[PDB]
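A, B, ... follow the sequence lines: proteins, then strands. Residue 1 opens every chain. Order of appearance sets the numbers: ligands from 1, and atoms from 1 within every ligand. Values below: every heavy atom of this structure, side chains too, minus hydrogens, waters and symmetry copies.
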Amino acid sequence: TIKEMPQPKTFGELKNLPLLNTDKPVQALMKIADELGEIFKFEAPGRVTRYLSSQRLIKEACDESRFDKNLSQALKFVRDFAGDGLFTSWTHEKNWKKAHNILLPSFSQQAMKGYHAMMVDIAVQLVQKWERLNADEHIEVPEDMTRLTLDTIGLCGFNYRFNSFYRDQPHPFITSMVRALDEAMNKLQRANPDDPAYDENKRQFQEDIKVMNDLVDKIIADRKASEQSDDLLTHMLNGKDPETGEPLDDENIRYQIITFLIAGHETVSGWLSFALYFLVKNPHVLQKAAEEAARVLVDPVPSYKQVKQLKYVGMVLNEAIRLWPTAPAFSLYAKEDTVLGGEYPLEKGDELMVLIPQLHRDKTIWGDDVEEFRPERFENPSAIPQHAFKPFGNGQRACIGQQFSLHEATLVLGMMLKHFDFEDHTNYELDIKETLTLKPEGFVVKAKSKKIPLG
Amino acid sequence: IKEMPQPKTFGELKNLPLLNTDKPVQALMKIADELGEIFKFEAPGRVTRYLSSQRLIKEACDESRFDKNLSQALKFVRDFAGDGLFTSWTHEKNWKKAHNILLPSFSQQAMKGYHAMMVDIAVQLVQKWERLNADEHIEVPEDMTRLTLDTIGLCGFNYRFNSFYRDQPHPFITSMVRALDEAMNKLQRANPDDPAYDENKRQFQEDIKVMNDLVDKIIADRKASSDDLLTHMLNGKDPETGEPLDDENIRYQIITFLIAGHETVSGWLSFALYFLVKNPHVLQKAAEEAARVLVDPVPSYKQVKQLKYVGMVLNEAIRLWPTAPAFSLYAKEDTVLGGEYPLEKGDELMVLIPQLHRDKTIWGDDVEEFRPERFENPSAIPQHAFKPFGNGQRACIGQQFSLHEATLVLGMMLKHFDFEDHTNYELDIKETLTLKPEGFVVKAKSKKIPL
Amino acid sequence: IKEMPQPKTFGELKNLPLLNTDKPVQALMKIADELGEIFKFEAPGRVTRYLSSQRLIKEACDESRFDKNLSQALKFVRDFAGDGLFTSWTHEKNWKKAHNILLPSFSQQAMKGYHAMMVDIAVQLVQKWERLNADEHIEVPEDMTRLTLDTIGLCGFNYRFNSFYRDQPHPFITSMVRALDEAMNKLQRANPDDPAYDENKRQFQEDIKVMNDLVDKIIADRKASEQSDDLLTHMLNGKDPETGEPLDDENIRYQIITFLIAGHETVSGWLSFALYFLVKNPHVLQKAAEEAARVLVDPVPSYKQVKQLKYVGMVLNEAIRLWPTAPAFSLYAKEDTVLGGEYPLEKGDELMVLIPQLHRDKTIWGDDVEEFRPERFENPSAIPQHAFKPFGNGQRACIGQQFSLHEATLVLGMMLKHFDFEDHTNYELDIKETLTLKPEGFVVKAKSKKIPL
Amino acid sequence: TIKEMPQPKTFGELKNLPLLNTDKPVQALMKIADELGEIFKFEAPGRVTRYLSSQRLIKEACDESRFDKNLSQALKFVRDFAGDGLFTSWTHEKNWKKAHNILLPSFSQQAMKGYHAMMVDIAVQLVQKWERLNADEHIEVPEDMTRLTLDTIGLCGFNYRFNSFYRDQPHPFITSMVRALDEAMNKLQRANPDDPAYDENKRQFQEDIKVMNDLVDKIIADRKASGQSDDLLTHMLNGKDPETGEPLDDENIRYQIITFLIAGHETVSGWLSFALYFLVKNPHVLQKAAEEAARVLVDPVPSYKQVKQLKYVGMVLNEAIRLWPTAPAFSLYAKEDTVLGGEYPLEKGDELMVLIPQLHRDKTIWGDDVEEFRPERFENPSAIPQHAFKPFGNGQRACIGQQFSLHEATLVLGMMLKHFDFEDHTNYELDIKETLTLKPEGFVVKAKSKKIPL
Ligand code: FDE
Ligand code: FDE
Ligand code: FDE
Ligand code: FDE
């Protein structure tokens, strides 16, 4: 039963790297999975990793005693500006435990009720923008969602106002970040790491990290003086670690600011953009979700309890994140020598990559309609098998903002369904842009206001 | 000293799932385009390297470093072709023995003797088309298999297959086609002892008995009551040993010449005729030369040699779709290929002829265009760039025979008929181990020229 | 072994002041005449070496040691041509990808399909000149851009620019010349980030949006129904034989820009120069009109007839020899090497082939390099390798080389069949430089030979 | 992340220099590198340099367009008697290119075939010395390796016989040379170089230069009264500069003799002593290497082709030089302003130090057994990353005698294995002497003759 592993086409000494010379490597890795099956080895000069696609092996890989979160080659490149932050640190690094234990209070159900007022602030700015568009104008979905998601993490997390809705081009922070993340991804597919074309890029990459830092330094200075708040930033500057009694390193706080601004708005914006794309393509689920939102949101502004009662909006959001997980992959390594699936041996340190979009299209778990957008699959949250739905990672290195994300998207998805009717006037054909995360590109809509007031 | 590209592997099956199609040669071409001039191809128990460039092929065609290898494909046809000229190792007792006995039959001097018999078959083909009614059409590769099988029969063994007296194919042809398909299907077969293939084994033996049944028929018909290729098989003595051929090898040599001596020629004329009806200016230029040179009721031996543009058409056809699409080599001694690839003694190479003939560095960016005028001066062409007939001492013994036949027949077709591609035929290339267009059909308007 | 010559230096600005003219290529041609076959040219951050002799150019055209480079000029054009065929590095994914799918659009078989569309544009030019009143004259480079732009539009994208229905140039060409001239003027700027160039940056971006508003017009008019078999079909539907994929939406956008520009701008300059040499060299003009009268026996010329205008092509070859409308191409050193056995080069060092200077090497062409003698091109086989390089070199040579010559012959053939041309002004040749070359203010008068169409 | 650079404890106006107030600085900087990571700045009165330890940054520093070889304060002190010779000259100095192009012919694998005969001479003297020991005696490894490596460079390079095996104390040349090298290192720590404490050392340094020059005069004169030869010394006197036609300065020619006598024997003996240390400590690799040696060395004297065929022998030598690179460091500076690792900016001219033993101890490259001597690391030589194994420097200023050194070390180590079994009768505990190179100190073994004739 110990069998050898499939492997895609190899190009001499470059091994499989030429296959990653595309603008959409994750959809390219998905296509490789369909041709090679549940698992295949991917070799590049110096690196070797195995890609997992079935719950059968992914449930086995998620045993935290045998496998631990690995920094994929992608995360090492994101680490050049996020450093030893919660996302790009090793589990055994002193700043992971230290930072994890200090910042977890900020995402407790106790913390969420304080954030709700501020999330409604930005949510009203987006509705107010859409109510003030003229009849001929349209809406750029991912651009207005990035306005909303970035402004939200700034106000709830750091009491800093990017004021993105007063900008008609993207915010200067997001442009440098987007280019830095695109650089991170292109460094993966990069053959010569000194070729004449790639010398300028480190000039631009250096310029783009400085712009991002000139902002976090602006956040720290804007706090130093201008006060009274118990934010995520308050725990960062003042929180001591219960296990060691220490506050965060000065260098770590700046690395943490970068982490939460990036990881805390980039993937949520894709989620909302994908979620809204699926609704506009399935008008029965859209009308059913629009009448739940009409039912629960009876005040001019939504309350915290009302958001938790949008069960169908939550099922819509989950079915969206099932098909296109905006954080599309996470990695593990082999703590010790072991056999995976009783067929594949691993030496200690071997790297595994979870393909969340491939896992979420496993026929063995989801059935025949895996490519259909059926929010009705999430009426049985308990009936869903173990390790079959993992858009938020696994285990102790899972996404800390999972409840924060769900609350923000539901609130915002709720008010849009309550306040607008949406037309797919272009018959948008889905084109999924890939930085390291996923979002629909050039997706546009028109929104007829139902002229329901705010406050 | 570079590492070699390799297509997707499927664990213990390696690359074998990739050639699990009915058309393996065209699949290796699509892999050559993705992986380049050379790639490794592993199947359980076998490993071979496929070459695509003149640069590397010119080194593989070096007779001191590489020798003819029996690819896995030829090892399977050896179940009925045995140690005949095609399926023998060069060092086998029967190779040079048969080679030395049979080569006299392909001199430009036996060829003149064959011409009368080629015209016989060639006139039967014209007459079949001239007797078609107005709505009828021609199944091209089927009528070509009629002609070439009859021709190697009459010239080689003084035996009449009478293929034009048959509406269905000839029973020998049916068994030969099934055996060649089995040989090709065995290459891609995962578990070969599975019950799915049990009928195939009993049919494969039934088809060998049929081919041998006709070989008994051919030999007895000669014991009954010439100086042809069969006279030499029975009567020739090898100058090196003074002994004639074993009766077991004789049967294998007849099988070889009946197969290799009509299957590739039938595909060739069908491809040549395909490109002509697809390129009407080349067709008028060729039909004008046949009108010019062929002034008698039947063409003479000298006149065929004067069909120079017709010969260029045939050469340009066989460049694009060489009907024997590959030949195999092994290493013989440890060597380095092209200065980057080390090879151990015995390692196997396969020449992908359709790919070599598509080398833009040799033929230009119009490699897929049908321009017979590239062969206005064949001596200008690099060596080892055009290999439709193999290489070296194991090259095709009958290429002067084929070219003479293909010219003779193509010349008379262009002289006596106008050809309409009345169906807008879309090229579909069927693979046994050889290549042919499959459903290729046309209509033929007779020029009402007597014979 | 020999130090390399360099012209006068100006402090920290190095040689940059020397090209602060409207005609930088003609200024470099002059520097080459004093400094010889190769000289080094320094700018504040960059260094380049200019080659002028066939002796050194044959080595630069050696692809094992040198590959195509993006000069500072092309790096600036890459700001609106992007990843297109012209401004891509050969080691970029999109080059080989776009080359393999678009190369078929220029195979001889396609020329026969384009030929009908090419004739459409040319007939419009003939009848435009036939409808001029007696006192009026002809602006040569102005009507030639009308023709080549409309031709690449019809042959490439099935899009009608309708330039002959236009006042002054089309908005694309009007916007493109500013974008190309901005690119040329950025080469003289000591410090670009200076505030004085904000009007220039604003105007440069405003012109980029205009050109894209037209590629978007072309794409939208196509996917609104679509069985054409043109170059744009291959951009949208063809898949790359090596990778199995088709082109990016982003890249198809970059190639449309690429082909509209380089595919009419150098052709228009070519034809204007040929007509200059014809009206200035009345012996060659009569021989060219006597052949055109001979071969063009039909109301419209056929593909077969244009391929037989041998002397007309020889004029075109001698025109582009003297004034290659794309005046230079750039190369860099794959790895450390010695050029000419005399000058060592580090890996990546930049070379520039000065094409008008290469074509004036008296050691190759003889002592009459300035004479317009079409008969050097009678048996092209005598021409030494790498002495006549108007279309670039190697795998990065001009892709539309056959497309252009055929278009140029067809139009030049018909003008000569239908007209005698008077150089009524004694035009003194003035070479305007965008990044390409064209004669500026060339005018002629044309008396119709009154032959119908 | 455009970071600030770590730096060990500072001591006011002495900066970080007090931390290098040891007789073994490289192992002390190794101790700091392990504590501070891939890079740290090191300040002394007037000097500052940044030390690199990871292949990640060393891959960037070995880029010849961005960084060029620098003469560290250590090499500037060796310049006091080696001058403008190949080792202590700047790349942009006129003599470097000149002397480099004329002497590079002397290290051609065709020139190697000429040396094989002469290298065998000295190597035979080593075996015969050990075959003539009485039973109780033992072998002092680094003294006999230096006896051999010096004899090899003298006979092969200059046709001069030190006859180091016909003496039982070190050669008069070697003692002053070693004192000159120790002096150069010790100047790197002086809180004030004009204190009277150093006055004897300043006279000894001049005394040691005069003796080395007194021998350099003997090697040129003994050739004056001969021809002939076509050795390394012939190329120095007669070789013309290919670009300018000038021969070497007779004041440069002397510096070049000094250079090759030092660099061409000092690191080779340290290598052989280390290689022999690891064999005698890893007894099964010793048996695997002796079997290969018995198999390949079938004649009384070894041939050139046979040395190239001692494939495992080369693997042992390589793992030796990986663990303890006998030239432990080389220095670089910043041609132009650039950013190192995308985190550390550098001004033009700022200096870097590549710490070879730490580079050869990177877990990212060699795995989790980086401290174990597994010669099987060097079987697929292409499987080693680039700029991961740099015992011979980098680029155009890499060690010119690389193929020369390996041919000696392989040849001599081959004959030792063929003719002797080695007993580590003391369980020697490794103590690393540091001049400017590395050698094991007091390393001793006893050798039983395998009684194979010569
Ligand atoms: C704020 C925020 C928000 C959010 C959201 C989200 C969404 C929508 C999606 C997601 C996801 C995710 N995440 Fe998320 N998020 C966040 C966050 C985070 C953090 C901090 C992290 C890391 C943690 C630790 O490790 O400690 C994550 C995390 C995460 C993950 C995992 C990673 C790995 O590699 O393992 C995933 C898959 N996230 N996410
Ligand atoms: C009778 C006849 C006819 C013919 C034809 C032909 C055509 C059309 C084409 C061809 C081909 C060929 N061939 Fe050919 N053919 C023949 C034959 C033959 C023989 C017998 C052989 C074998 C030779 C030897 O080896 O000896 C051949 C052979 C041949 C070849 C080779 C193969 C290998 O394996 O190497 C080729 C490629 N073929 N071919
Ligand atoms: C369409 C068209 C038309 C044309 C024309 C022309 C004329 C008249 C002239 C010319 C030219 C040229 N081109 Fe030219 N053309 C074109 C195009 C093109 C393209 C696409 C290109 C790119 C190629 C590559 O590969 O890169 C070119 C290209 C070209 C060139 C090259 C550039 C470099 O830098 O190398 C040259 C020199 N063209 N050209
Ligand atoms: C004879 C000889 C021998 C030898 C050996 C040796 C061994 C065993 C080791 C070694 C090493 C070395 N080297 Fe050595 N070696 C030599 C040498 C030399 C010289 C001359 C030099 C300098 C070069 C140039 O730079 O030019 C060296 C060099 C050398 C080096 C470098 C230094 C720097 O700064 O970079 C090193 C690291 N080496 N090595």
Quiz item: Can you check whether B:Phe257 and B:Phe106 have ring centres sitting under 6.0 Å from each other?
Solution: yes

Self-check item: Whether B:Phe257 lies under 4.0 Å from ligand 2, heavy atom
Solution: yes

Quiz item: Are side-chain N/O atoms of C:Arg396 and C:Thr90 paired as donor and acceptor at under 3.5 Å?
Solution: no

Quiz prompt | Flag for B:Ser328-B:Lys68: side-chain donor and acceptor within less than 3.5 Å | solution = no

Quiz item: Is it the side chain (CB and beyond), the backbone, both or neither of B:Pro388 that lies under 4.0 Å from ligand 2, heavy atoms counted?
Solution: backbone

Quiz item: Is a side-chain donor or acceptor of C:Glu63 paired with a backbone partner of C:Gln395 at a separation under 3.5 angstrom?
Solution: yes

Quiz item: If you measure only the distance, is there a donor-acceptor pair under 3.5 Å linking the side chains of D:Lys97 and D:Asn101?
Solution: no

Practice problem: Please check if the distance between the ring centroids of B:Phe386 and B:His357 is under 6.0 Å. | Solution: yes

Quiz prompt | Numbering as shown, the atoms of ligand 3 that approach C:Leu85 to under 4.0 Å (heavy-atom distance) | solution = 20 (C), 22 (C), 24 (C), 26 (O)

Self-check item: Proximity flag C:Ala397 to ligand 3, non-hydrogen atoms under 4.0 Å
Solution: yes

Exercise. Write out the residue and atom name of the closest protein heavy atom to atom 33 (C) of ligand 3, then the distance separating them to 0.1 Å.
Key: C:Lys68 NZ, 3.1 Å

Quiz item: Can a salt bridge be assigned to the pair B:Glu92 and B:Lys97 using a cut-off of 4.0 Å between side-chain N and carboxylate O?
Solution: no

Quiz item: Under 3.5 Å, is there a donor-acceptor pair between the side chain of C:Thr266 and the main chain of C:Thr325?
Solution: no

Quiz item: Looking at C:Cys155 and C:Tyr114, what are the two nearest heavy atoms and their distance?
Solution: O-CE2, 3.6 Å

Quiz item: With atoms numbered from 1 as shown, which atoms in ligand 4 lie under 4.0 angstrom from a non-hydrogen atom of D:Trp271?
Solution: 8 (C)

Quiz item: Mind counting the protein N, O or S atoms sitting less than 2.8 Å from atom 14 (Fe) of ligand 3?
Solution: 1

Quiz item: How does B:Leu74 reach ligand 2, by side chain, by backbone, by both or by neither, if only non-hydrogen atoms under 4.0 Å count?
Solution: side chain

Quiz item: If you count the atoms of ligand 4 from 1 in the order shown, which ones are under 4.0 Å from a heavy atom of D:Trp96?
Solution: 24 (C), 25 (O), 26 (O)

Quiz item: Should you measure from each heavy atom of D:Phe330, which atoms of ligand 4 turn up under 4.0 Å away?
Solution: 33 (C), 34 (O), 35 (O)

Quiz item: Judged by atom type as modelled, is there a donor-acceptor pair below 3.5 Å linking the side chain of D:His100 to the main-chain atoms of D:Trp96?
Solution: no

Quiz prompt | Atoms of ligand 4, numbered as shown, that sit under 4.0 Å from any heavy atom of D:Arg397 | solution = 24 (C), 25 (O), 26 (O), 31 (C), 35 (O)

Exercise. Keeping the roles fixed (side chain from B:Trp321, backbone from B:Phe271), state whether a donor-acceptor pair exists under 3.5 Å.
Key: no

